[PDB]
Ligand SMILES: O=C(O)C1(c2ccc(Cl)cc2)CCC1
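In the form solved without the named molecule, a lone chain appears below as structure tokens.
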């Protein structure tokens, strides 16, 4: 059934499961035409498919050529997502295929279920959690590879860098969702926090800075402050 605060530790058991988020698949800019009407122009997108136990991220880049000649792009985007996730599963060795796929938006359930009819033992699940994966494009290196793509492409990342050498996957996921929640509520401030100290760098093979354990505690504290604040700035409290 649906994934929620009650069954939260199930994300970190050794059974393979993937989150699928489709919020950045179909992206546009909305603009005025010379005639003064409104036109939208599609830009590159991505499917965000994440194994929360290991941090392995399967970033399928969605080139603008996919929408070339199509109608009802918002609906197509969901089926394109399900098509690509299904193709990913079929490409994995049997022992690497997920036993569950959790979709972050309920509208992905039927498209994914239909595309996965061949895999009746893979459970397709919704979630009640409000996960902040839409902010994946605020991660500079992820945004960069999506915008530079000239064709459809899959790029593999570990969204936890080397954190699992020192912390558990429960704690790593908690850090990740905090970072992304902050980036989503006030991207400029969040990014200021993460880079303010120029002596802490991002390794070429990493997505986030090389904080020590103590610096991560400070960083994490500063992100909580941001989120509560904005929650004040927003609601006035």
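Positions refer to the first chain, counted from 1.
The same protein also has a form solved in complex with the named molecule, omitted here; what follows describes it.
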{"query": "Pocket accessibility after superposing the named molecule in the bound PDB entry (3+ atoms within 2.4 Å of backbone/C-beta)", "finding": "blocked"}
{"query": "Non-hydrogen atom contact residue 108 with the named molecule in the bound PDB entry at 4.5 angstroms", "finding": "no"}
{"query": "The named molecule contact at residue 129 in the bound PDB entry, heavy atom, 4.5 Å", "finding": "yes"}
{"query": "The named molecule contact in the bound PDB entry: residue 100, any heavy atom under 4.5 Å", "finding": "yes"}
{"query": "Contact set, 4-19 vs the named molecule in the bound PDB entry - heavy atom within 4.5 angstroms", "finding": "4, 5, 7, 8, 10, 11, 17, 19"}
